[PDB]
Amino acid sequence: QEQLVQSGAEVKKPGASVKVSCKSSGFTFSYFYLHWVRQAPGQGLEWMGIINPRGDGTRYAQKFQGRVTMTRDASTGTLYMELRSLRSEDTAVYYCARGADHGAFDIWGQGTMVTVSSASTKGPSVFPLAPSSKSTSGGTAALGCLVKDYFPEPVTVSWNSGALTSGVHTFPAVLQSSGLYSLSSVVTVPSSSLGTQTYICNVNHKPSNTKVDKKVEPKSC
């Protein structure tokens, strides 16, 4: 019941600022020192700074001083981090955390994803990865969908409206030099059934209100 709940995902242009919030429940908000920590994609944890219980004292990591402002509102029980002059290296998940009396971070928020990029919202193009004898082992064939050139994250991929789950591998997205993301989703299936079973990948990109169903047609040649 002791909880920290953070605001939703953010997408920002370089040079902008972002203000993330973190609201407590189940404990006396004003008793505790509070923190922000961030984690860049695939990287480790990096402490950003601390704010004292009253809210009139802060100390920030040397890297962020001059660019970050931490505040708290006792009337709403809410903690804030504002990070200014954003650059693409500020792309990360940002966590709020409670400092216990012993100093370690005993309650954590769920994280807020912040994307900083020049790119504009764009839905993906979905292309088939058709099965063939070049995708067929001893009775097992691989097929998939290439989900290319979208921004921002995330996309979701399902197969046959969720009826096909076994053997599916949906790869993590990779950022291309264009600033757009791309990923592939693959599945291995019995080759004997390629002519009597239909395989459709369902791609949803909520930021662009894009929905794409792509039938992946086998190649007899």
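The first residue of the sequence shown is number 1, and the count goes up from there.
Comparing 90-98 with 134-142, the stretch with the higher mean C-alpha B-factor in the PDB entry is 134-142. Two stretches are in play, 152-160 and 187-195, and the higher mean C-alpha B-factor belongs to 187-195. Reading the B-factor column for the CA atoms of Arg38, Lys63, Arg59, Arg54 in the entry, the top value corresponds to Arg54.
Per the deposited record, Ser178 carries the highest C-alpha B-factor of all listed residues (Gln43, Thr69, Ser182, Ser178). Residue-level temperature factors show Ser120 in the highest third of its chain, judged at the C-alpha atom. For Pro172, the recorded CA B-factor ranks within the middle third of the chain. Only modelled residues enter the ranking.
Among the modelled residues of its chain, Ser24 has a C-alpha B-factor that falls in the middle third, as given in the PDB entry. Among the modelled residues of its chain, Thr78 has a C-alpha B-factor that falls in the middle third, as given in the PDB entry. Ranked within its chain, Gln6 lands in the lowest third, by CA B factor from the PDB record.
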